[PDB]
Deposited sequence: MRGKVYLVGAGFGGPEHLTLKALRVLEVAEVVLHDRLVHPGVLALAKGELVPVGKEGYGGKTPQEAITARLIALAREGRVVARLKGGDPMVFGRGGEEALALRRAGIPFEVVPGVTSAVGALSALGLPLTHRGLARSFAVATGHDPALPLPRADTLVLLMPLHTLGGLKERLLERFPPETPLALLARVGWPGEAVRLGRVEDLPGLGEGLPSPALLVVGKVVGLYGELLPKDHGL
C-alpha cells in the first residue's frame, strides 16, 4: 500500500518539544487531522492540508482509513503523546484491524512532560517513589494510589480519600503556552485555590509537591 497513517504526538506546548521524527512526519504528511487545541507553532510546521477535529471519534478513524486507502500518507496530530488517553489506542487498533499501515510517533506528555519542563519532579528521595496519572472525567470511580498523583483536567472530597487535607497540591494551567499559570497550596485550599484558573490544567498532589516553591522559578537570564 502507498497509504499510511502516522499517529503523532505534538508534545505539551511549543514546537521546540516536538521530536525529530514528529517534525519529519509533519513535513511529509499530505493531510493532518489535528486536535483543535494544538499549539499554533506546531500546526505551522505542517506542510500538508490541516483538518481540525466535539468531533465523533468514529468520523476521525473512518477518515484516516479512507485517506490511506486512497493511497495518501496522513497524520493524526494529538496533544501530548498520541497513546496517552485521547483514544489513541482505539485508533491504532482500528488501523490494524482495517489492514492499514501505521506508525506511532511518541510525544512529550501533557502531564509528565509539562512538569519536567518546569523543572518539577514527580518523585524524590523521602517524598515519593511512585506516581500515577488519571483524568477527572469519571468522578464516580476511585482514584489510583501512588505517592504522587497527577490529574489531567467534589474534587477536594475525592482527593481526601487518597491524601490528607494538609498535603501539598499544585495546579498548573497552560504550561508552555501564553497565559501559563501555576498555583501552589494544599488539598484543603480547594476548591477556592482553583476557581479562576485557565484551561486546560494539570493537578499534582503529594509530599513531593512541597519542593515546588523552591523549584518553580525559572532562569531569569540576569
{"query": "Gaps in the model, given as deposited-sequence positions counted from residue 1", "finding": "54 to 60, 161 to 166"}
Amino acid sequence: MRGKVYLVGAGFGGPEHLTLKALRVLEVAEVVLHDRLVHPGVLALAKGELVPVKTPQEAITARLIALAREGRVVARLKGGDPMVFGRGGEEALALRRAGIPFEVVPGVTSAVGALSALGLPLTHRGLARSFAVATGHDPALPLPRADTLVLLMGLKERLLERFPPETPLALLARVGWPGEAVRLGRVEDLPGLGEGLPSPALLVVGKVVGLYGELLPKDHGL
From here on, numbers count along this sequence of modelled residues.
property	result
Selected stretch [higher average CA B-factor]: 68 to 76 or 137 to 145	137 to 145
Average Cα temperature factor in the PDB entry - higher stretch of 181 to 189, 54 to 62	181 to 189
Per the PDB entry, maximal CA B factor within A201, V25, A10, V204	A201
Identity of residue with top Cα B-factor, from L33, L155, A29, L43	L155
